[PDB]
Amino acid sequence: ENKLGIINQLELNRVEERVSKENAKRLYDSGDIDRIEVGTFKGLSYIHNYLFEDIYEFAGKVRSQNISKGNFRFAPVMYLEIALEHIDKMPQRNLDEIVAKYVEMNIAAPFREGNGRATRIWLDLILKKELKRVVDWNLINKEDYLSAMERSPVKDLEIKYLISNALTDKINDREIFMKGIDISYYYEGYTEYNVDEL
């Protein structure tokens, strides 16, 4: 279900990876990433549209159906408008409040697809603005990340620990961002490209 002419899911995986990773590279290199609202659904939507507007019509738009990914209980549509407004007002002064806000937005998962990758970019911008840190994503193991996120609605200690131990002060390091993009796509199983070669 896409804007390109793709009827095969494996081909769509490769093409989505390549086009959206191209867009992520441009998001950083043009400086556009630094002109978006931080910590808000408007900003998250801007990121998501930027990554995916060529591939999906729903890019940047709040979904209309429920989503089902494993046994994780995402927000049902009926709470979604309420949830995002709540998240727009949550504080983000320190690591606890930032992780708590990230966990709430992960539960809300407002888009049909692409929530994890877009929201990881959004999280790094919150960390940069409020703590002058970003996540070095090579300091977070993939299985530990996925397990910690699935656990996070009950207790966010695991995800907090991973993030806190992966914090770096190199908030303008192009290499940290670009490799963070490759790792973020690897978490969701897309590994056909390296973003820096696009």
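We number the residues from 1 along the sequence you see.
Looking at 8-16 and 182-190 together, the entry lists the larger mean B-factor for 8-16, computed on C-alpha atoms. Between the stretches 28-36 and 52-60, it is 52-60 that shows the larger average CA temperature factor.
When the C-alpha B factors of 42, 129, 69, 155 are read from the deposited coordinates, the top value falls at 69. Among the modelled residues of its chain, residue 151 has a C-alpha B-factor that falls in the lowest third according to the deposited record. For residue 79, the recorded CA B-factor ranks within the highest third of the chain. Only modelled residues enter the ranking.
Among all modelled residues in its chain, residue 171 ranks in the highest third by Cα B-factor. In the PDB entry, a CA B factor belonging to the middle third of its chain's modelled residues is recorded for residue 89. Among all modelled residues in this chain, the alpha-carbon of residue 139 has a temperature factor (C-alpha) in the highest third.
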